[PDB]
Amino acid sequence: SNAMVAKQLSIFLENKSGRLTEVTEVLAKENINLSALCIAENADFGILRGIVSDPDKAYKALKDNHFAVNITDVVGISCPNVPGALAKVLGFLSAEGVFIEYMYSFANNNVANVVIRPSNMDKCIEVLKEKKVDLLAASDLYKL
């Protein structure tokens, strides 16, 4: 293992109309909880990016139901739910030449949970640990 590196599902949603409901139905039937998701969409289709409670079980269920799914490495962090808090993290990263390809995040009461897909995963984790950023274990992320 790699510890703080989490598996994100990327799921190709064809049609529009449709398939997103069936995907959430596949996952419900397996008692797989969704922790975090974000759709990256275009005019015709979406891609569901997804943090789930059991990514390997979820992946095989989806393939079995004929979905196109890929797994991507991402890292979860927690910071205070106050103005400028995320700003401080991103400034640590950018000062070290580590850039965000995408991220998604919500405030959760007093903190905020952030999923990141960094330009360089080894370097990103290095900086964050160095700057004493709360990283989430992949397993913490899967049980939000």
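Numbers for residues come from their place in the sequence shown, where the first is 1.
Using only C-alpha atoms and the B-factors in the entry, which stretch averages higher, 123 to 131 or 10 to 18?
Between 123 to 131 and 10 to 18, it is 10 to 18.
Whose CA atom has the top B-factor in the entry, of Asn81, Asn113, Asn42, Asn65?
Within the set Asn81, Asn113, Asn42, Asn65, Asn113 shows the top C-alpha B-factor.
Looking at the C-alpha B-factor values in the deposited entry, which of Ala28, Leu90, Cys38, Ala61 comes out highest?
Each of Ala28, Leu90, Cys38, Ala61 was compared by C-alpha B-factor; the highest is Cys38.
Taking the entry's C-alpha B-factors for this chain, is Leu86 in the lowest, middle or highest third?
Middle third by C-alpha B-factor.
According to the PDB entry, is the CA B factor of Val52 in the bottom, middle or top third of its chain, that is, lowest, middle or highest?
Bottom third by C-alpha B-factor.
Taking the entry's C-alpha B-factors for this chain, is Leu34 in the lowest, middle or highest third?
Middle third by C-alpha B-factor.
So where's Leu141 on the chain's Cα temperature factor ranking, which third?
It belongs to the middle third of the chain when residues are ordered by C-alpha B-factor.
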